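Novice: To start, I am sharing the structure in question, which I have written as structure tokens.
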Amino acid sequence: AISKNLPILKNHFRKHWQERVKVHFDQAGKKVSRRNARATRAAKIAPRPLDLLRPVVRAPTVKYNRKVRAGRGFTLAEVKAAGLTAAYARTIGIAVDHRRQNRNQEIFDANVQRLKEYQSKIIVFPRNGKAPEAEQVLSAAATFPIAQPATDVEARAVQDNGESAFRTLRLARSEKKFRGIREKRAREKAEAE
Amino acid sequence: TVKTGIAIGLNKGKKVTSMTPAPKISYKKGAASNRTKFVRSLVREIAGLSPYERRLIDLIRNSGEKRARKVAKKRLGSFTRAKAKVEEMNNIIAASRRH
Amino acid sequence: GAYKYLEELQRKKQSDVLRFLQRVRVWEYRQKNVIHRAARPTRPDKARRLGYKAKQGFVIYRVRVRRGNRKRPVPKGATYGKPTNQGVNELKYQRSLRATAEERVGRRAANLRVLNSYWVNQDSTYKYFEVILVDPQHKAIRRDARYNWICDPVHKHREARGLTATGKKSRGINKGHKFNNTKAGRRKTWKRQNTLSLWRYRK
Amino acid sequence: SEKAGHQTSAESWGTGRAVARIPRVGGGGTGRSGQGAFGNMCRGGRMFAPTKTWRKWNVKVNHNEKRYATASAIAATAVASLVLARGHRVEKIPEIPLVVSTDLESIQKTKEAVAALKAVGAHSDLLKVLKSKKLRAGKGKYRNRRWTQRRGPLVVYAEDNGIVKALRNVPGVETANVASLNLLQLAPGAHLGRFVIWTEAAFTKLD
Amino acid sequence: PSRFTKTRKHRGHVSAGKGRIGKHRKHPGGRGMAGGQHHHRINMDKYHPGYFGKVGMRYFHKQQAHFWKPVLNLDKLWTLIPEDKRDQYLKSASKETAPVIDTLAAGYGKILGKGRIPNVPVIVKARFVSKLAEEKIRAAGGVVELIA
RNA sequence: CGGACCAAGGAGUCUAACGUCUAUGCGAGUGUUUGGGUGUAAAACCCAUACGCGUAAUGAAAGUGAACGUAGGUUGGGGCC
RNA sequence: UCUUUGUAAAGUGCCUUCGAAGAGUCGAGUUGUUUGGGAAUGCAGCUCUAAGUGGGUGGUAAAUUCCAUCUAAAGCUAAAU
RNA sequence: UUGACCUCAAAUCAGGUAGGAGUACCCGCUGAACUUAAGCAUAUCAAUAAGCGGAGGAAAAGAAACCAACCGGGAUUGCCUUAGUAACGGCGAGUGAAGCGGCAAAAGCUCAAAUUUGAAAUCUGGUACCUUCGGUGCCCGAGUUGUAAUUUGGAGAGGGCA
């Protein structure tokens, strides 16, 4: 049971796992079926690009906030700043999100210029009259790739002031750690004259 | 409050320019409206008074507000609701003794 | 608008006016059958906000369920097994007495769909629930497409599966970190987390 | 089947009955009564270690390993010794690798496709197929693998214009895109030196 | 494969490599980590010391995003600038035209100071940094500013 | 103790996680095959982002975080001059 | 084609009045079960039983003080599975 | 006396509907034990097997009383990862998620709480006709203890102004 110099292997197989083994032999079969589902979807809704337009949003948490990604939908403020009704934006292929709020200007600016580029690049077919001969671009995501925002010039100058930015890290940690006790000390020194 | 541009501290995080956007209508679900204050005032007039709230009113006027807050915490959930109910009992005692 | 007044009035359950109405109506429902038919709800405010519209094709029953725990049906109180399962009393039914109420009513009216249910009265022995039902083959429900979702054949006996609000509560179906075991059903999560998903090219 | 050898309610008789301790079928009066079951040694019992679907069937290879072996297989086609040692008829081929014009790729008919291959010297290697059409030795002939034959030339093109259709019905030849270069075609049976006719455009795009 | 196993070499030999006396059983020492304090105590004292006991305090709801701090040493700092611009930036060490290194862009939270950057002025954007890393960057003439 | 005799069947297999060793590819990187495109179609080919493990440890944790030197000295050390 | 189909619907900008939003329900105690959830994750029984700038959550109980994030106790809904 | 209303009946009334089968998958309830812990009682097996109730081509869930602490994301589901990790556990045996990230698929909404009050505008049923998965006309009923339109929190309603 415990023999030799071996690592302790926590293998979780003491249940009836053999009744619940799912083996994906249909990995190739589902990929063909997903492409067939995409092909018959594009045949159904030709010539729209088979997916809605998604915004450039910033990923949460400190691990992933360095990178932007695709959102669920644009905000009400973003669609209104682009100059179209949110119900109208749903019909012309723009995903709109009602719970995401706008609190960052460059994410707001990137999303509204995405909306300006989308409205300039698509056309809306008329309800009555002959629809124009327009080809279908199959991927709206490949039409509008998401670029990372501009951070800085590749080269710049050195600002050597000697402010000891490690001590800036050490002091900011210390004044964060000791804020409440210093405020409590400043409270009791005030009400004791 | 603006950030600090550094990874640790009180206001750790990147400097950004916000918008202070249009506030949602929700965040105001518990906001008291004029008709709803009217309905609750009329219901308080016609329901009479609860048996524990009768006990709470005589505990205010006889045995102390600290003792009544102890009893109202034993009745309701916690002290966040006991303090609200004792303040409500204080208001309707003062309403009963005024004018 | 009288239902705004009715809701805040009915919240005062320890009020003298509604305790007397509780005392009279707990006797009346005791003297009637266990499952009987209510021609109109005694809480029309609660009926309107749960989905009952007062048009024909909407049915209200009233039902009493015996309160308390669920005694384990083992002979002579003996549960033959390990001592952790030896308890017979103090065993609690996982579905609510609302869910039991809808189950017995839905068995009685197998031709009707259980829309919702709500507490009306209680005593020591019984809890009383007015259960809203609809006729899915009545033409006022098959027309008027606000309510024709319940004559769809997936919604039949929804109270026996936990689709109603009592069942959605009792299955723990809520969004949150408090409901990680039961998000889309506790058995769906248990299958998902205990399957050994093996691929063609092993990872 | 996971219930095979277990659609049975055999229970062991224990000892004291002068028979072995194996589970035996209860009941009576059927011939199956008293017969051993539930074991690998028993008739009608399950096999030892019943074959499961979750056995590793497909084997992961590193992508750099696959490209290494493909480039080695492509390089082995240019070796005149490995193509001849693999079992191809290149004794009258004037130059290895055999590169032909791009107009082979635009051939629409099989009748001119075989005349093209006979003109460029693959006539003996095409005759090496369809004279070797043998019935398969073993039980696999009634498992939809009835006929074995040798693999003739490979034809590598760049852009399709009908040569894959024109060489579909010719036995033994296979048509491969210069994007793909399937190692199952370039090194059949893990043996280097498939006889490959390249086209001019496929040779240019091989750069 | 099966034909290169020792089971095929054990065909004919009675115990199949398991011994006449020992008589290979189902689970003779227990199952799993059985008896790690009683009859496999010597194994759990020699080969895995530290197995039994509560060391440390419990951290409820751990997310590794909070503990995201991959470390980049100073000798690996110059890997960040690509090779098309690396030789142009190592040569002609200019204070006016200094290469900025978005260390967070690749995904290193903290720059450490394992040592010997070349004497060039280099701009380093950091979430965290060590004292010796800054002193060697200050010795090379570069500067460290903080980002988040 | 088992074995009347004969024929057939009949017992260290597969998986998950690994340990040592070996082979191979790439190598401070590596791993395409979750997925997408393509295809002669469960094959083959191609591909992005992450992520895994590694490149940093240590402490219970807050945290901190690896050149005095020709990356040190001594002894032995194959090979080379 | 329209005497069916404009004593029609829908959206957009100001400014003002506002803004109704689910109760034996949340929540608390206790009990039993369950959970990775640990001064108690969820559910259920019993007892108590809310509020309206309120309530829930923010993975250590409690008090005080903010901040952040949603809007429960009513309901439908395709695809990926 | 005669007309109601309310409640409760009855009818081989008129028209309908439910049962049962199958049950691989799904939604719940109930619910073990062998096993392992080298014993065994918590634990494990397992919130499983059996039992019971209920559906469909999927079901369930589903547009936050969410996650988070970020420069914030944004219904649900599924996969790769998180991760055999945080945590639980005679802290023993063992058990063990979730947020993020990538991808597949992406679709959003509806009532109750407001008096149309210058007109219950709503609907079932019957009858007659026709252009019949229904429509129109008339009548009896339902409904004012509230059926329609308008609103669902992202908003929205009222009152002018163009």
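FYI, it's all coordinate maths here, none of it is from the lab. Note: ideal-geometry Cβ built from the backbone for every residue, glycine included; neighbour counts use all protein chains shown.
Novice: Can you work out which of the residues in the stretch B:39-53 that are facing another protein chain (nearest Cβ under 10 Å) and of a type in the set (D, E, K, R) is surrounded by the most Cβ atoms within 10 Å (Cβ to Cβ)?
Specialist: B:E53
Novice: Would you say E:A140 is touching a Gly at 6+ places or on another chain (Cβ under 9 Å), under 19 Å from A:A157 (Cβ atoms) and more than 10 Å from RNA strand H (Cβ to nearest atom)? Steps first, answer last, please.
Specialist: Details: touching a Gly at 6+ places or on another chain (Cβ under 9 Å): no; under 19 Å from A:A157 (Cβ atoms): yes; more than 10 Å from RNA strand H (Cβ to nearest atom): yes.
Spelling it out, it is not the case that E:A140 is touching a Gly at 6+ places or on another chain (Cβ under 9 Å), under 19 Å from A:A157 (Cβ atoms) and more than 10 Å from RNA strand H (Cβ to nearest atom).
Novice: Looking at the stretch C:145-190, which of its residues are of a type in the set (G, A, S) and within 6 Å of RNA strand G (Cβ to nearest atom)? Spell out how you get there, then give the answer.
Specialist: Taking the stretch C:145-190 as the starting set, the residues that turn out to be of a type in the set (G, A, S) are C:145, C:160, C:162, C:165, C:167, C:170, C:172, C:176, C:184-185.
Within the stretch C:145-190, C:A165, C:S170, C:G172 qualify.
Novice: Are there any helices (runs of 4 or more DSSP H) wholly within the stretch D:42-122 with 1 or more residues that are within 14 Å of chain C (Cβ to nearest Cβ) and of a type outside the set (S, T, N, Q), and if so which?
Specialist: Numbers: elements: D:63-77, D:80-86, D:110-119.
In the stretch D:42-122, D:63-77 are the helices (runs of 4 or more DSSP H) which contain 1 or more residues that are within 14 Å of chain C (Cβ to nearest Cβ) and of a type outside the set (S, T, N, Q).
Novice: Limited to the stretch D:58-80, what total is found for residues that are farther than 17 Å from D:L154 by Cα and surrounded by fewer than 14 Cβ atoms within 10 Å (Cβ to Cβ)?
Specialist: Adding up the residues that qualify gives 11.
Novice: A further question follows. Is it the case that C:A38 is more than 22 Å from C:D123 (Cα to Cα) and of a type in the set (G, A, S)?
Specialist: On the way: more than 22 Å from C:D123 (Cα to Cα): no; of a type in the set (G, A, S): yes.
No: the conditions fail for C:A38.
Novice: Take E:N73 and decide whether it is exposed (fewer than 12 other Cβ atoms within 10 Å of the Cβ) and either away from chain A (no Cβ under 11 Å) or closer than 21 Å to B:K15 by Cα (or both). I'd like the intermediate steps shown before the answer.
Specialist: Details: exposed (fewer than 12 other Cβ atoms within 10 Å of the Cβ): no; either away from chain A (no Cβ under 11 Å) or closer than 21 Å to B:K15 by Cα (or both): yes.
The answer is no for E:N73.
Novice: Sort out for me the strands (runs of 3 or more DSSP E) sitting completely within the stretch E:42-148 that have 1 or more residues that are away from RNA strand G (no atom under 16 Å from the Cβ) and of a type in the set (G, A, S). Write out each step before concluding.
Specialist: Details: elements: E:98-102, E:123-126, E:143-146.
In the stretch E:42-148, E:98-102, E:123-126 are the strands (runs of 3 or more DSSP E) which contain 1 or more residues that are away from RNA strand G (no atom under 16 Å from the Cβ) and of a type in the set (G, A, S).
Novice: Also, quick follow-up: From C:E90, C:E102, grab the single residue that is touching a strand residue (DSSP E or B) at 6+ places or on another chain (Cβ under 8 Å) and within 12 Å of RNA strand H (Cβ to nearest atom). Don't jump to the end; show me each part of the working.
Specialist: Numbers: C:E90 fails: touching a strand residue (DSSP E or B) at 6+ places or on another chain (Cβ under 8 Å).
Exactly one residue qualifies, and that residue is C:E102.
Novice: Could you look through the stretch C:49-61, keep only residues that are in a loop (DSSP other than H, G, I, E, B) and in contact with a strand residue (DSSP E or B) (Cβ under 9 Å, 6 or more places away or on another chain), and pick out the one that is nearest to C:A109 (Cα to Cα)? Steps first, answer last, please.
Specialist: If we filter the stretch C:49-61 for residues that are in a loop (DSSP other than H, G, I, E, B), which is where we start, we get C:51-57.
Now narrow it down to the ones that are in contact with a strand residue (DSSP E or B) (Cβ under 9 Å, 6 or more places away or on another chain): C:51-52, C:57.
On the way: C:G51: 18, C:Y52: 17, C:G57: 13 Å.
Looking at residues that are in a loop (DSSP other than H, G, I, E, B) and in contact with a strand residue (DSSP E or B) (Cβ under 9 Å, 6 or more places away or on another chain), I get C:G57.
Novice: So, of the residues in the stretch C:1-48 that are hydrophobic (A, V, I, L, M, F, W, C), in contact (Cβ under 8 Å) with a residue 24 or more places away in the chain and part of a helix (DSSP H, G or I), which turns out to be nearest to the other protein chains (Cβ to nearest Cβ)?
Specialist: C:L6
Novice: Given (1) in contact with a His (Cβ under 7 Å, 6 or more places away or on another chain); (2) of a type outside the set (A, V, I, L, M, F, W, C); (3) near RNA strand G (Cβ under 10 Å from one of its atoms), where does C:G57 come up short, assuming only one miss?
Specialist: With (1) in contact with a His (Cβ under 7 Å, 6 or more places away or on another chain); (2) of a type outside the set (A, V, I, L, M, F, W, C); (3) near RNA strand G (Cβ under 10 Å from one of its atoms) applied to C:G57, the lone miss is (3).
Novice: Write out, first by first residue and then by second, each pair whose Cβ atoms fall under 6 Å of each other, whose residues are 6+ apart or on separate chains, and whose first residue, in the stretch A:1-27, is more than 8 Å from chain E (Cβ to nearest Cβ) while the second is in a loop (DSSP other than H, G, I, E, B).
Specialist: So the pair list comes out as A:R20/C:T195; A:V21/D:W54; A:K22/C:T195; A:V23/D:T53; A:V23/D:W54; A:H24/C:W199; A:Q27/C:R200.
Novice: Return yes when C:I132 is more than 8 Å from RNA strand G (Cβ to nearest atom), assigned to a strand (DSSP E or B) and either away from chain D (no Cβ under 14 Å) or not basic (K, R) (or both) and no when it is not.
Specialist: Details: more than 8 Å from RNA strand G (Cβ to nearest atom): yes; assigned to a strand (DSSP E or B): yes; either away from chain D (no Cβ under 14 Å) or not basic (K, R) (or both): yes.
Taking the combined requirement at face value, the residue satisfies it.
Novice: While we're here: Give the residues of the stretch C:87-100 that are without any contact (Cβ under 8 Å) to a residue 40 or more places away in the chain and closer than 15 Å to C:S170 by Cβ, sorted by residue number.
Specialist: First, the residues of the stretch C:87-100 that are without any contact (Cβ under 8 Å) to a residue 40 or more places away in the chain: C:87-93, C:97, C:100.
Correct list: C:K92, C:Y93, C:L97, C:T100.
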